[PDB]
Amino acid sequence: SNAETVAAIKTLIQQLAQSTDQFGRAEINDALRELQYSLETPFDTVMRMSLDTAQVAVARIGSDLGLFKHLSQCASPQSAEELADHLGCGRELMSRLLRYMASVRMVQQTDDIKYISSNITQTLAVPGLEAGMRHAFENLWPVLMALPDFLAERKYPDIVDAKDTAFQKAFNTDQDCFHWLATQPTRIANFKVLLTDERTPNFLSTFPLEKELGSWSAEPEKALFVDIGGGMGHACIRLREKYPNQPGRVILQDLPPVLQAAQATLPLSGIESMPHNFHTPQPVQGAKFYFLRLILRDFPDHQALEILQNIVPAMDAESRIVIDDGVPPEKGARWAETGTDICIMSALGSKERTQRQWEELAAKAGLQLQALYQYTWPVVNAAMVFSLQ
């Protein structure tokens, strides 16, 4: 029986996933995608490319209606009629949306054609994660839709400049993304919520802090950790959580509006909030770790170099710059780390960097790689520890 074999496949894959860890499960999920692409028919490939786009649009509609948050708190299955009346949606529109959502597990449909939350419905109800999907719809989609004709019109140039990429055609502006987004309210509110989505796991999973400290001393009043562009300060919070009695200042540096947003969730003491533009010289001198997580990936090498050069003069012999960012391999890179590369090229003019490309960039700033501590698999995120040359 085909159905019996399909059910047994699901049982065995679920059991294998449940027994391994998060990295093993991520490897299984990539394998399932690889198998799907290898087994689909030519017509299936075109159908998948035609229709998988609709998930983001329909997730946007569900978020506009508040469907996912409502469904995630319901204690019993709900009919399409009940959901439509409660959320203020046309009854047959609601039924068609739910049918589509159930077919891509954005909700679950029951045997009496009612609806309950799935793992994805819960995810889309979380404000920082819902903001990621809304960001894909309103910011990434227009840039991806502009890039084929941008490249055609310009005879397929190598994109190297944040002010000359697809973003400018998509949003009909001459400034780079970061400035243009400075001026748009709805954009900024969603961006704001995006900063609250903390990624797991983080570099402290694998970072051998005591080993990297060596005999460095916090006396008299030195800084252990300067989180440059630290956003809501998640790195600082987790550092103090895991090393609560390690001496030394822990300093969150960002722009004033972001630090004001961070105060609500920062600890009452132990973490300093210091306004600092990372395009200016670093004010904290001789810190042990100058930390840049998911900062440099957003800049082409000219601008990423200048961010590092503003830090290097503050370093003493024991100081390290810690770049925590994607480190895709030379070959066999996965879709999450090559898709990111196409999107940041499109929007920001920047790129993902292999380990060799990170080392070449850091060498231009007078820096040498001392250690690399991977903390995610199979997609590579790592804390790279750089010394003065």
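For every residue, the number given is its place in the sequence shown, counted from 1.
The mean C-alpha temperature factor is higher for 240 to 248 when 240 to 248 and 119 to 127 are set side by side. Of the two segments, 296 to 304 and 168 to 176, the one listed with the higher mean B-factor is 168 to 176 (C-alpha atoms only). Remark: of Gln253, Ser217, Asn202, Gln109, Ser217 shows the highest value [criterion: C-alpha B-factor in the PDB entry]. In the deposited coordinates, the residue among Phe191, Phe137, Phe278, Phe225 with the greatest CA B-factor is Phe191. The entry lists a Cα temperature factor for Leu147 that places it in the lowest third of the chain's modelled residues. Ranked by Cα temperature factor within the chain, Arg60 sits in the middle third according to the deposited record. Among all modelled residues in its chain, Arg334 ranks in the lowest third by Cα B-factor.
Per-chain ranking of the deposited C-alpha B factor places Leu97 in the lowest third.
In the deposited entry, the Cα temperature factor of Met133 sits in the bottom third of values across the chain's modelled residues.
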